[PDB]
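Visitor: A structural model of the following input is requested.
(chains A, B, C, D, E and F)
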Amino acid sequence: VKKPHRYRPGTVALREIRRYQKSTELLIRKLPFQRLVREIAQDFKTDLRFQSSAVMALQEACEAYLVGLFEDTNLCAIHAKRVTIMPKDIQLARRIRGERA
Amino acid sequence: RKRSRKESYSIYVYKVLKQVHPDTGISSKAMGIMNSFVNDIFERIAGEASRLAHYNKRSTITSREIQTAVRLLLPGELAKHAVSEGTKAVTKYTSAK
Amino acid sequence: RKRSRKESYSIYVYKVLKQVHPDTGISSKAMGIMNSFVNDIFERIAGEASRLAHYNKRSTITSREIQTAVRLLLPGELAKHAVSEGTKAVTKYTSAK
Amino acid sequence: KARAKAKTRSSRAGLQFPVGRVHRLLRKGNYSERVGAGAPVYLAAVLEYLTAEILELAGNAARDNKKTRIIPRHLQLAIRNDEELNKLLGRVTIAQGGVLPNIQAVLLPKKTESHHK
Amino acid sequence: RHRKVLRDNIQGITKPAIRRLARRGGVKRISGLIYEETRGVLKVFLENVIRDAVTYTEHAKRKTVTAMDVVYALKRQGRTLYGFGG
Amino acid sequence: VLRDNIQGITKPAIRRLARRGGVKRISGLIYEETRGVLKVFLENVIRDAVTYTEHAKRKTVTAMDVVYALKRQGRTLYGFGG
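Guide: Residues are numbered from 1 along each chain as shown, chains lettered A, B, ... in the order given. Pasting the structure now:
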C-alpha cells in the first residue's frame, strides 16, 4: 500500500461518540481540576483544604452539566439548519434555562 | 477502641434485590446511590406533608397526608400502584395486631 | 356577630413607605403583593436555616445561621448591606436591655 | 406480666423495609409535632415498591449486557428509559451514569453510501 | 522562560477534553470559538457552587471542605447529586 | 354551537398574547399547538389543586390550592394571598 489510509471527515467523530457513550469514566484529568478549584477557593478564603471525594463530586456535576448544555446547544443548532454549534447557540440555551451569569 | 455507628438502608435494599433477582449482586457505589435516593424521597415527602398540614391548621401527619403528597409528587400510574401497596400495607397492619 | 382575625404585614409596609416617600400612597393589590413577597422570603430563609442546622447536628437556630442563609440565598452587595443592618440591629438590641 | 415476644412492625406489615427507623426519622427532622402510627407503614411500602421497580429494570438491563452484578450505569439506563421515572428525576445526576446513546438523525451521513456508478 | 502552564489556570482544561465532552452530547462538529466560551461558563457554574460550599464550611468552623457541602450547594441550585452521601 | 370549549381561546386573543411577547408575525399552525400546550399546563395545575382540595374534605376550590399547586411546579405566584 502506498498512500496512508484516511477516514472521511465525521466518521471518527462518530466513533468517538459511540465509544464514549458506551463507557462512563471521567474525561477530564484530576490534577488540573484540582488546581482550578484550589485557585478559585483561595480567592474567597485562604489556606482551605479539599477532600478528594469533594473534587470528584464537583467533577461529576460539571461534566453532567456540560453534557446537558451541549445537548440543548446541538438542538438549537439543528433548529437553524446547521450542524456546527456556535457561541450564540450556547448563549441561547443558557438564556432560556435562566442560567444567566 | 472508640467506634461510631452510621446507619443506612443497605441491608434492606440487599434483601429486596435478592427477592427480585436471586442470582445478582450489587456494588457498594450503587448501594450508596440507592441510599441517597431513599433519603431524598423521604425528605421530599415528609416536607410536602408538613406543608399540607401547616396549610390546613392540622397538627397531625396521618396516612391521609402521606397519600396526598404521593399523589402530588409522583405522576400517574406509579402513584396508583404505590398507593395500592400502601393501602394494602395499612390494611394488613391494622388487622393482625 | 361571629368574626375572625387575619393577620398581615400591611401596616408595617405602610410605615416604611411613609418613611421613604412621605407624599405617596399605595393600592391594596400591591400591598397584597408585598405581603406575599414577605411570606415567601420568610419561608425560604427559615427553611434553609433549618436545613443547615440539621446538617450540622445542631438543634438551635441562632443569628449566625440566619446570616449564613442570607449569604447563600441573596447575591453580593445586597447581602452585604443587609447583613450590616442585621448586625447593627443585634448590636442595638443586646445593649439597651 | 407476660411479656409477649416482640415481632417487628415490618413483620406485621409483611415488608422488608423498616418502620421504626422511619418513625424516628420523622420525629427528628422538624416535619410535625406528632406522628401517627399509620404513616410510616404507608411510607415504607412506597419506598419498597419504588426500590423494587428500579432494581427490576436494572436487572433486566443487566441481563441484556450479560453481567450478573448491578452497576450504576445500569441504573441510569433504567431511569432514562422509563418515561415516568425520567419525569421524577429529570433534574438529577447519577454519578458514573453517563447518558443514553442518542444521535440526532440529521447529523448522521446519508444512507446513499454504496455503489454509485 | 514563560510557561505558567498555559495560564496556570482553566486553560489546563484542554481542547480535546472539551471535544470528548461534546462527543458525549452527540455532537459531531465544533467551531474554534466554542472552547473559550465554555470555559467561562464552567467557571461561573463552579464559582456559584463553590461559594455556597465554602459558606457551609464556614458555618461549622472548619478549614476542610467536605463532600456534604458540595452536595448541598448543588442541591440548592436544582442539580442534586447522588452517590457521595446525601 | 359549542366546540369542546378549548376554542374559547380564540385566535385574536392568542395573537394579542404573542404581541405581548414580542411577536410580530405568526403562522397559521401555531394556534392548535398552543392550545394543546395550554391544556397541558392547566391540567397539571388543576390536578394538584384538586388534590389539595380533596385533602381538606372541602367541595369549594380556593385560591390557596392554586397558589400551592403553582408553587410546587416552580412557578410561584404573587398577588392572591400567601
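
Visitor: is chain F within reach of the helix or strand containing residue A:63?
Guide: For residue A:63, the host element (DSSP states H and E) is helix A:52-79. No - judged by Cβ under 8 Å from any Cβ of the partner chain, helix A:52-79 stays clear of chain F, getting no closer than 15.3 Å. The way it works is simple: take the backbone N, C-alpha and C, and place the C-beta from them, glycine included.

Visitor: what's the residue nearest the centre of chain B sitting at in phi/psi?
Guide: For chain B, residue B:42 is the residue whose C-alpha lies nearest the centre (Cα atoms, centre = their mean; 5.9 Å). Backbone torsions for residue B:42, taken as degrees, to the nearest 10, come to phi -60, psi -50.

Visitor: apart from its chain neighbours, what residue comes closest to residue A:55?
Guide: residue A:34 (5.7 Å; Cβ to Cβ, 6 or more residues apart in numbering or on different chains).

Visitor: tally of neighbours for that neighbour?
Guide: Per other Cβ atoms under 10 Å in any protein chain shown, the neighbour tally for residue A:34 reads 15.

Visitor: picking up where we left off before, which strands and helices sit next to the helix holding residue A:63?
Guide: Helix A:52-79 sits against helix A:30-44, strand A:84-85, helix A:87-97, strand D:93-94, helix E:15-24, helix E:34-59, helix E:67-76, strand E:81-82, with contacts defined as 3 or more Cβ pairs under 8 Å, 6 or more residues apart in numbering or on different chains; DSSP states H and E.

Visitor: isn't residue A:56 right next to residue E:84, touching?
Guide: Yes - assessed by Cβ atoms under 8 Å, residue A:56 is found in contact with residue E:84 at 7.4 Å.

Visitor: pick out whichever of these two has more residues nearby.
Guide: residue E:84 (22 against 19).

Visitor: for the helix holding residue A:63, which positions count as buried?
Guide: A:54-74, A:76-78 (16 or more other Cβ atoms under 10 Å in any protein chain shown).

Visitor: center of chain D - which residue?
Guide: Most central in chain D (Cα atoms, centre = their mean) works out to residue D:54, at 3.7 Å.

Visitor: just give the nearest non-adjacent residue to it, would you?
Guide: Per Cβ to Cβ, 6+ apart, closest to residue D:54 is residue D:78, 6.2 Å.

Visitor: quick one: contacts of stretch E:8-19?
Guide: A:16, A:27-29, A:32-33, A:35-36, A:39, E:5-6, E:30, E:34-35, E:38-39, E:42-43 (Cβ atoms under 8 Å, 6 or more residues apart in numbering or on different chains).

Visitor: 10 Å instead, please
Guide: A:13, A:16, A:27-29, A:31-33, A:35-36, A:39-40, A:62-63, A:66, A:70, E:4-6, E:20-21, E:23, E:27, E:30, E:32, E:34-36, E:38-40, E:42-43, E:46 (Cβ atoms under 10 Å, 6 or more residues apart in numbering or on different chains).

Visitor: interface residues of chain D facing chain A?
Guide: Within chain D, the positions adjacent to chain A are D:71-73, D:76, D:91-109, D:113 by Cβ under 10 Å from any Cβ of the partner chain.

Visitor: at 7 Å instead, please
Guide: D:73, D:93, D:95-99, D:101, D:103-104, D:106-107, D:109 (Cβ under 7 Å from any Cβ of the partner chain).

Visitor: give me the subset of those that lies in helices.
Guide: Using DSSP state H, residue D:73 are the members of the residues of chain D next to chain A that sit in helices.

Visitor: determine which two of the residues of chain D next to chain A are furthest apart.
Guide: D:95 and D:109 (34.3 Å; Cβ to Cβ).

Visitor: what subset of the contacts of stretch E:8-19 is buried?
Guide: For the contacts of stretch E:8-19, buried by 16+ other Cβ under 10 Å: A:13, A:16, A:27-28, A:32-33, A:36, A:40, A:62-63, A:66, A:70, E:20-21, E:23, E:27, E:30, E:34-35, E:38-39, E:42-43, E:46.

Visitor: residue E:59 contacts residue C:68, doesn't it?
Guide: Yes - the criterion here is Cβ atoms under 7 Å, and residue E:59 meets it with residue C:68 at 4.9 Å.

Visitor: need the residues touching each of the two.
Guide: Here residue E:59 and residue C:68 have residue C:52 as joint contacts, going by Cβ atoms under 7 Å, 6 or more residues apart in numbering or on different chains.

Visitor: next, the buried residues of the longest helix seen in chain D.
Guide: In chain D, assigned by DSSP H, the helix with the most residues is helix D:38-64. Going by neighbour count (16+ other Cβ under 10 Å), the buried part of helix D:38-64 is D:38-55, D:57-59, D:61-62.

Visitor: okay, now residue A:93: neighbour count?
Guide: By other Cβ under 10 Å, neighbour count at residue A:93 equals 21.

Visitor: got a list of what the residue nearest to residue D:98 when sequence neighbours are not counted touches?
Guide: Closest residue to residue D:98 apart from its sequence neighbours, by Cβ to Cβ, 6+ apart: residue A:24 at 4.5 Å. Going by Cβ under 7 Å, 6+ apart, residue A:24 touches D:73, D:96, D:97, D:98.

Visitor: and for residue E:37?
Guide: A:87, A:90.

Visitor: same question, residue D:49
Guide: Residue D:49 touches B:81, B:82, B:85, counting by Cβ under 7 Å, 6+ apart.

Visitor: so which of those are also by chain D?
Guide: Among those, chain D is touched by B:81, B:82, B:85 when using Cβ under 7 Å from any Cβ.

Visitor: so the last one touches residue D:45, yeah?
Guide: Same thing as residue B:85. Yes - under the criterion of Cβ under 7 Å, residue B:85 makes contact with residue D:45 at 4.6 Å.

Visitor: excluding its backbone neighbours, what's nearest the residue positioned nearest the centre of chain A?
Guide: When Cα atoms, centre = their mean is applied to chain A, the residue found nearest the centroid is residue A:66 (4.5 Å). For residue A:66, ignoring the flanking residues on the chain, the nearest one in space by Cβ to Cβ, 6+ apart is residue E:21 at 5.3 Å.

Visitor: cool, and residue B:27?
Guide: residue D:71 (5.6 Å).

Visitor: quick revisit: now the buried members of the ones next to chain D among the contacts of residue D:49.
Guide: B:82, B:85.
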